[PDB]
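Each remark here refers to the structure printed beneath this line.
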Amino acid sequence: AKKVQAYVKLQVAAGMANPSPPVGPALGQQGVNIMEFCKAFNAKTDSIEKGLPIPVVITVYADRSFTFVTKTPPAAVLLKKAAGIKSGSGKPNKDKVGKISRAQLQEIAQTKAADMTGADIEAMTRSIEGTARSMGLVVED
Amino acid sequence: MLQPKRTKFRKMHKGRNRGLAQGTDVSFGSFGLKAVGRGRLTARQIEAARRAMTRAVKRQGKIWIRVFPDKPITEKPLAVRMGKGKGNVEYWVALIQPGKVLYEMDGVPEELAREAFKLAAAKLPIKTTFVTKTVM
Amino acid sequence: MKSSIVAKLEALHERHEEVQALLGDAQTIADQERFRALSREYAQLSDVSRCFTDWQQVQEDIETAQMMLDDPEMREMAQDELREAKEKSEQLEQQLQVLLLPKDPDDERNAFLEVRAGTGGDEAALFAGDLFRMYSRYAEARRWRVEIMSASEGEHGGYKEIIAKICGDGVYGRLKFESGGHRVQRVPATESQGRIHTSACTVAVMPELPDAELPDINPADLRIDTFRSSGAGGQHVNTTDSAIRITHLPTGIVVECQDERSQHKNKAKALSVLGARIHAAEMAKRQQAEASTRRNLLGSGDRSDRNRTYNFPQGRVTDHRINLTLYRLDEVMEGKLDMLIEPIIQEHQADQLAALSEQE
Amino acid sequence: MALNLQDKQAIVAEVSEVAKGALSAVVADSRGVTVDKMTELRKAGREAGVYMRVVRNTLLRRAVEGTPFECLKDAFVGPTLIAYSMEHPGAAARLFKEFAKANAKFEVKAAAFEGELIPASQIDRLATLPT
Amino acid sequence: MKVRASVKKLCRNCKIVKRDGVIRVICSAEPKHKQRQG
Amino acid sequence: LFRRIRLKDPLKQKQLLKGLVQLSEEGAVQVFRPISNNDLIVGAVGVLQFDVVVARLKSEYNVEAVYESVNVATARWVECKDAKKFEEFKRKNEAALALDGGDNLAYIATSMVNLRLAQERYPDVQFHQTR
RNA sequence: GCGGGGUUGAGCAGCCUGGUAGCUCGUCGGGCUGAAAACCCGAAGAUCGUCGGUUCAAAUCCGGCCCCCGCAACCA
RNA sequence: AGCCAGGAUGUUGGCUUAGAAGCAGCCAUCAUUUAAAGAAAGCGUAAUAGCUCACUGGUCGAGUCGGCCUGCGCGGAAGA
């Protein structure tokens, strides 16, 4: 297991090809060109769905070459395209921006728990169910 | 700053501060700050201590104040001779005798109460101690 | 003007592209201080530039649609497409207006509106009354409260000078552009020969500045000095100091008092005089600043200093800062100022963005 | 650590799995990272789950207290820190060699590979596992 | 060095030692924390 | 690495102008005047070249020659063979454009990146490093 | 420290023995002038500086306070 | 109390920020791997990051920790 060299995790949705404002100079800091992170990444982003924020490795080596991999998409951005509401909370214990069901978060467990570590599906599922709780979204049991 | 809305008379005699106190036990809350010394607490001191302990507990739980400054303390104006009647009222005090529980507090943890009462007591002239509510 | 605003938006688009490139370069982040402002610049510019780019596509779509209508017999499809395009163009323009709406906290502050007669005399006084009514009805429409602080009435009617305070939401933002001279072309009521007379009126809009606070003198700040008093009095005057000089070190003000025999009374009197002098200095500084700002905002009173012209025979209102002529003068007279005020706000915000882009 | 009550409830539950299980392997996870522990245990979660116990406490009496009731020859594990690997389904299941692969998989010490003494073993890599 | 009448610990690394009949606080981590009762 | 000439003393400008054009006639220094504003910006290939120019100017043309006012610029001479395209270019970037000696129009670039963006836009117009 | 004062928007009477508010200018609406002044007619207006107290009742009487105007603050 | 290792996760919790990931700040502060690991106590960055660290195990194997009632002491304590 090697340690971090220079990778960072921050980017907007795949819909905006070559996004200059969120990263800014983040992927322009190292020797890597600006076009590299669009040709290498967006060519794989159109395979199934577009418009969802997904991270990638921004590591750099001494040969100007680099490797990448995609982890599970972040729940914060996922539950805007899978919850109806687009805004966020601010006071989760005093008001609720929206309402979600139980099966609505159950259906995301099979497609998202692959990176998550748990003995059981329910064990990883409750972690996803608690994401909404942190987001102020209530669940009707 | 606490002070009586009305009074029967404007000025009051100097008096003495002998005897023991009456409010020995924690009546309303769960923790109290008891005086072990003797003296008089001014209104400014009471206000400063109340602000310190409220800020310390971040406005959680409830806080009682078992003392009220009702004794008017006068003093003569600057550079005047000893006669010419009594001076004008400048501040208000509450006579404190040993054993008097000054403040009470509940709704917060024990160690948080310890720290709040210490910060409050650090602004008072008399020496204090921490006491807890007792059954019977 | 539409042509001018589109031209500015195009320049902003070019600027937005340059900011994205500069952000990409990483030299700016090395600088750090340069990158922080540049990043804010991009944030404000991106939404407006995106909207503008979309609008640009819509205008091109309209040109192609007209061409499509003329030749291939695809006129019916083109007419529907063109009609939809028109709806889209109007919606994008309203969105642009929202994007360029001012976000400054200072704009929300209430304001004092002073309307003073210039050239024209009683005529100008009557126009001042008309202007005051105009603004008052506009304020009433937008739920604002107008309090007449001071009024100086004209002989034949109207007000020679009327100062009023308007309290509401967004008063300063809405009314800042009205300041300057205003010219009225009309046949005066006072006239008996039916001649048209050009007259001018000067308007000043000033924001309600935060309420004055007298800070209590800080003991550490003061440097009390005790020295012997001068004059008669014998042994007592010689041995007792009885004189106090207090110098306020921040403001560099020195007050000396030797009146009473008591140092305490001398010191008290000196403290009072010092407090009054500081309060007077602050008050005077405020008046000088207020006077200078008013002097700059108000015109000379001559017809040449203008920001709006109202021609009554032809019913035309013309704005000189940004080109715009409206053949109305009735709706505008009866409140309904939004039509005139809005393009100025949009242009001003665009100019502010350009200035921000140019700051170094 | 909490009181003796928690200590006894943990021990009665710890030695229950060795009472109702089968052969076990050895592992010394001193230098093992939490990620290694989140991939090996996840790997162990495919057959039954949390059935194997990693409840290690190798002090002279903290875990040695339960061995005389069942599998008495586990008192030899008292000095250095080493953990068992229980298998509830199947006598001597295929999970025994997972520390042999883990030996070179960033965990150079593998607790000397003795193995639980159900067939009265010693230092040897037991490759005879029924399927 | 802070010369105070009340010397206390300011962090986990501050150690109180009495040298020559004077209470002193010495910190291995932060040099700003060292005080002496005086 | 261009620096503007402040000219603190209002007079002696004709003396300065005669000296600046003479130095500009030789190859030691190049003087550019923006069309938008009446400012004199003097540029040379090297810092010590500026130092030599300032020394020579003081030595015989004897002016105060106050300089180093902050500005950022790069010089690219612009030539466009095409008619009705160069005019559009001039209107688009009138502020950036500056006249150079010999009445040659030169685009002034705040940044290298600005120069690259300018170069990508309007390809018919040719930017020449050398005149 | 001692005498006097605080009354419609401004300047001012009367607070009399505590039941009760008046003048001039100003203001509003008509009239005259072609129009604006001046002039004429009819109207309106106050919690009598602030707060306690004794009366059934306080602008009035009492006490404290704030501001304004005078007087004094001397022998050393 | 030292020594050695760890202290990972979802997720970068939700906001707003030009950045906010434990740290500008406002609300929750849940849940998993359960021999424990914190929606993290700070340093720290330009935000991430990196370091110490609240908690879990071998080691040596005898006490250890901070409050109460009290006697006597130390600093606070500088003038011609």
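Quick reminder, even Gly has a Cβ in these numbers, built from the backbone with ideal geometry, and neighbours come from all protein chains shown. Basis: the model, the stated rules and, where named, an outside source; nothing here is a laboratory result.
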* Asked: How about the range D:7-51: which of its residues are surrounded by fewer than 14 Cβ atoms within 10 Å (Cβ to Cβ) and of a type in the set (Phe, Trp, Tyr)?
  -> none
* To do: Answer yes or no: is there a residue in the range F:107-114 that is touching a helix residue (DSSP H, G or I) at 6+ places or on another chain (Cβ under 9 Å), within 14 Å of chain C (Cβ to nearest Cβ), over 15 Å from residue F:32 (Cβ atoms) and part of a loop (DSSP other than H, G, I, E, B).
  => yes
* Which fully enclosed strands (runs of 3 or more DSSP E) of the range C:202-269 have 3 or more residues being out of contact with any helix residue (DSSP H, G or I) (no Cβ under 7 Å at 6 or more places or on another chain) and within 14 Å of RNA strand G (Cβ to nearest atom)? -> none
* Does residue A:99 fit the bill of being of a type in the set (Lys, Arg) and within 8 Å of RNA strand H (Cβ to nearest atom)? -> no
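Please tell me if residue A:28 is on the phi > 0 side of the Ramachandran plot, outside the structural domain of residue A:129 (by CATH) and surrounded by 14 or more Cβ atoms within 10 Å (Cβ to Cβ). So that I can check it myself, show each step before the final result.
Working: on the phi > 0 side of the Ramachandran plot: no; outside the structural domain of residue A:129 (by CATH): yes; surrounded by 14 or more Cβ atoms within 10 Å (Cβ to Cβ): yes.
Judged against the criteria, residue A:28 is not a match.
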* Just one of (1) outside any loop (DSSP other than H, G, I, E, B); (2) away from every other protein chain (no Cβ under 14 Å); (3) crowded, with 17+ Cβ neighbours inside 10 Å trips up residue A:133, so point out which. => (3)
* **Answer from A:80, A:112 - the residue that is more than 14 Å from chain D (Cβ to nearest Cβ) and either in contact (Cβ under 8 Å) with a residue 60 or more places away in the chain or farther than 30 Å from residue D:39 by Cβ (or both)** => A:80
* Could you check how many residues of the range C:274-323 are under 30 Å from residue C:213 (Cβ atoms) and loosely packed, with under 14 Cβ neighbours inside 10 Å? => 16
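Within the range C:270-298, work out how many residues are without any contact (Cβ under 8 Å) to a residue 60 or more places away in the chain and outside any helix (DSSP H, G or I).
Of the residues in the range C:270-298, the ones without any contact (Cβ under 8 Å) to a residue 60 or more places away in the chain are C:270-274, C:276-277, C:280-281, C:284-285, C:287-289, C:291-292, C:295-296.
When the remaining residues are screened for being outside any helix (DSSP H, G or I), the result is none.
Of the residues in the range C:270-298, 0 are without any contact (Cβ under 8 Å) to a residue 60 or more places away in the chain and outside any helix (DSSP H, G or I).
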* Asked: Does residue A:94 qualify as being free of Cβ contacts under 8 Å to residues at least 24 places away in the same chain, in a loop (DSSP other than H, G, I, E, B) and either surrounded by 11 or more Cβ atoms within 10 Å (Cβ to Cβ) or near RNA strand H (Cβ under 7 Å from one of its atoms) (or both)?
  -> yes
* Considering only helices (runs of 4 or more DSSP H) fully contained in the range D:1-119, which possess at least 2 residues that are in contact (Cβ under 8 Å) with a residue 24 or more places away in the chain and away from every other protein chain (no Cβ under 14 Å)? -> D:4-19, D:98-104
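Scanning for something more than 20 Å from residue B:16 (Cβ to Cβ) and within 16 Å of RNA strand H (Cβ to nearest atom), does the range B:69-78 turn up at least one residue? Even if it seems obvious, please write down each step before you answer.
At the first step, the residues of the range B:69-78 found to be more than 20 Å from residue B:16 (Cβ to Cβ) are B:76-78.
Adding the requirement that they be within 16 Å of RNA strand H (Cβ to nearest atom) leaves none.
So far as the range B:69-78 goes, no, none of its residues is more than 20 Å from residue B:16 (Cβ to Cβ) and within 16 Å of RNA strand H (Cβ to nearest atom).
Do any helices (runs of 4 or more DSSP H) entirely within the range C:1-88 hold 2 or more residues that are acidic (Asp, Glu), free of Cβ contacts under 8 Å to residues at least 60 places away in the same chain and away from chain A (no Cβ under 14 Å), and if so, which?
Working: elements: C:2-25, C:27-31, C:33-70.
So the answer is C:2-25, C:33-70.
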* **Residues within the range A:102-130 that are more than 6 Å from RNA strand H (Cβ to nearest atom) and surrounded by fewer than 16 Cβ atoms within 10 Å (Cβ to Cβ), tallied** => 10
* Among the residues of the range E:14-30, count how many are surrounded by 12 or more Cβ atoms within 10 Å (Cβ to Cβ) and either aliphatic (A, V, I, L, M) or near RNA strand H (Cβ under 8 Å from one of its atoms) (or both). => 4
